[PDB]
Amino acid sequence: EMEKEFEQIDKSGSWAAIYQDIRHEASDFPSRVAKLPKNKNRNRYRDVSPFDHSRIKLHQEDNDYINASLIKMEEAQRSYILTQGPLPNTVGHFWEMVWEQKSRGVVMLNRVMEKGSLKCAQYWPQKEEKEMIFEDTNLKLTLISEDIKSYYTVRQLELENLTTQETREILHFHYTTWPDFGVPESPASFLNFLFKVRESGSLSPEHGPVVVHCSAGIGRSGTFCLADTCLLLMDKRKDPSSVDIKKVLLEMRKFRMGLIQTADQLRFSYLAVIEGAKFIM
Ligand SMILES: N#Cc1ccc(CNC(=O)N2CCOCC2)cc1
């Protein structure tokens, strides 16, 4: 059981060592499309690339490339798109992906500015009366409502396909309190946030996969999916203690490289799952 494994690693301070074994066991697949010279300005970080086999393709004939990966967790019935924070030139591609994949929710785990640098383009409208038009992808986005709480903001957005005049409602879940350095002290507000996303229906199989991002789409984004999948597997299995976080993480790393960036994010993932299990047993 992971509570006991947690105490072992913690008491022994072996987190950097566990983390290194995961790094060494992790899959490595080609990412040829990401490294094409015509795609250089579609990537925020040169060392963070989607694998060719799991990459999301845009339905535009010119250039189908976006830095985004489909994570498919077959047993858990869960699929996630993990992507980078959009760039000024890819905001239109981002919303095209949301449209094409029939996603109901966008989960954002960063602030637009952190450590005095921009981590993400402002890709949603700040006021009801000032909608955004993405000329390159023929989409219109309107802020319908905004509910600001202490730890997160939920926004209702209307996305309109200007080509066909279909409209969809998108929910934007914005976790606003992840600190500039390190991880939250307690996982309570992160779990609250994860249960709010679940309650919305955004993670349900009726819809396309949820879009999850931070800056690179691997660190905080990774913690989100790992905690959700682990808690789901503990509800589904005859023996909840047969859930090995390390085996789940390695499975997700077949779909996108570098999920969980630091030994601290790994420790935080254990703590989130351990604490979330109490609200689930
Ligand atoms: N969705 C999902 C998902 C399921 C399994 C894994 C890793 N394998 C695993 O946990 N086991 C349990 C013990 O017997 C079989 C292998 C990762 C993700």
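Here, residue 1 is simply the first one shown, and the rest follow in order.
Quick check of the header: X-ray crystallography, 1.9 Å.
Including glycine, each Cβ sits where the backbone N, Cα and C put it.
The number of other Cβ atoms within 10 Å of the Cβ belonging to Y19 (phosphotyrosine), over all protein chains shown, comes to 19. Under the three-state DSSP scheme, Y19 (phosphotyrosine) falls in the helix class. The phosphotyrosine annotation in Swiss-Prot covers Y19 (among others).
Taken residue by residue with DSSP, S49 (phosphoserine) is part of neither helix nor strand, so it is coil. All protein chains included, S49 (phosphoserine) registers 22 other Cβ atoms within 10 Å of its own Cβ. Positions annotated as phosphoserine by Swiss-Prot, on the basis of experimental evidence: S49 (among others).
The Cβ of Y65 (phosphotyrosine) has 21 neighbouring Cβ atoms from other residues within 10 Å, across all protein chains displayed. Annotated phosphotyrosine per Swiss-Prot: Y65 (among others), in sequence order, evidence recorded as experimental evidence.
Under the DSSP three-state reduction, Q261 (substrate binding site) is assigned to coil, being neither helix nor strand. What Swiss-Prot lists as substrate binding site is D180, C214, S215, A216, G217, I218, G219, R220, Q261.
Summarising the annotation, Swiss-Prot assigns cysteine persulfide to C214. Under a cutoff of 8 A between CB atoms, and with a sequence separation of 6+ in the same chain, the neighbours of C214 (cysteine persulfide) are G85, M108, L109, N110, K119, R220, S221.
The S-nitrosocysteine annotation in Swiss-Prot covers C214, and the record cites experimental evidence as its basis.
Positions annotated as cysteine sulfinic acid (-SO2H) by Swiss-Prot: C214.
Under the DSSP three-state reduction, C214 (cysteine persulfide) is assigned to coil, being neither helix nor strand. According to Swiss-Prot, the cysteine sulfenic acid (-SOH) annotation covers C214.
Residues or ranges marked as active site, phosphocysteine intermediate by Swiss-Prot: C214.
Residues or ranges marked as phosphoserine by Swiss-Prot on the basis of experimental evidence: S241 (among others). If you draw a 10 Å sphere around the CB of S241 (phosphoserine), it holds 12 other CB atoms from the protein chains shown.
As annotated by Swiss-Prot, phosphoserine applies to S242 (among others). According to its DSSP assignment, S242 (phosphoserine) is helical.
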What modified residues in the list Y19, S49, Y65, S241, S242 lie within 10 angstroms of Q261 (substrate binding site), counting C-alpha atoms?
-> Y19
For each of the recorded positions (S215, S242), count the other CB atoms lying within 10 A of its CB, then report the residue with the highest count.
-> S215
Fill in the CA-CA distance, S215 (substrate binding site) to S242 (phosphoserine), as an integer in Å.
-> 32
